[PDB]
Structures are given as C-alpha cells and as structure tokens.
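What follows is a short report on a single structure.
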Amino acid sequence: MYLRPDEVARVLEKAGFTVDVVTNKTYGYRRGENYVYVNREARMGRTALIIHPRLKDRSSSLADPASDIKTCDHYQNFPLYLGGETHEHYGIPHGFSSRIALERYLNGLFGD
C-alpha cells in the first residue's frame, strides 16, 4: 500500500535529516536548506510526503503528485497564499508505495 506518515518520517531520520517543526498534524523535516513536511494527516499514505514549492515540475518528474497544492496551517513554506480571503500556506503533496523508492527519491531530488 501507500507509505503511511510513520514510514515517511522514519526514512527521513535515516537519511540524516533533522526536525524543523513538530506538531500532531505533521513532522516538519529539514536537512540543511532542504525543507519537507511529513503530513501526519495522511490516513492514506498518498498525501504523506509534502516537500516544498519551487521543485514542483522537477519533483513531479521523479514522482507524481497526489494533488497539486495543499493549504498549510503549520507548514510555512514561505509562499503564503495571498490570493484568497484566508491566507494559508501551500505545500506540494507527494506519496509512494515503496519505502526504498522514497530512499531513491531523497537520493535523486535531494542527494545526487
């Protein structure tokens, strides 16, 4: 099945990451200037891996998105959507169904 938020965070730990922001809704994760957010709301591991804007087309070339943009309450990301009544941040929902693929994903997009 798809990788649950538990598993996503676990892989990030192994990859030499650090915690950016911890909440009951998400595990904000960072390694240097690389920021991602483990969507703990992912009852289905399809929207479990939130990364960051900028990498939208690039990231999708390594792994397809589960949506497009997810309006964040906790995950700042920076680009805080001003084009609305309520200004909520937005991250890009990704997801997998192979733990090793997430490893190779971090390998590609954030590693080599």
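For the sequence shown, the numbering used here begins at 7 and goes up steadily by one. By construction, the Cβ of each residue, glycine as well, lies at the ideal position given by its N, Cα and C atoms.
{"query": "Residue 41 vs residue 78 beta-carbon contact at 9 angstroms", "result": "no"}
{"query": "Residue 29 vs residue 80 beta-carbon contact at 9 angstroms", "result": "yes"}
{"query": "Within-9 angstroms CB hit, residue 31 to chain B", "result": "The structure shown contains no chain B; it is built from a single protein chain."}
{"query": "Own chain residues within Cβ distance below 8 angstroms of residue 114, not counting five before or after", "result": "68"}
{"query": "Cut-off 6 angstroms between Cβ atoms - residues of its own chain near residue 102, not counting five sequence neighbours on either side", "result": "9, 108"}
{"query": "CB of residue 98 within 9 angstroms of CB of residue 61, strictly", "result": "yes"}
{"query": "Identified DSSP bridge partners for residue 99", "result": "56"}
{"query": "Continuous alpha helix (DSSP H) stretch holding residue 113: start and end", "result": "105-116"}
{"query": "CA-to-CA distance, residue 93 to residue 17, given in whole angstroms", "result": "31 angstroms"}
{"query": "9 angstroms Cβ cutoff met for residue 33 and residue 52", "result": "no"}
{"query": "Cross-strand partners of residue 29 (DSSP beta bridge)", "result": "32"}
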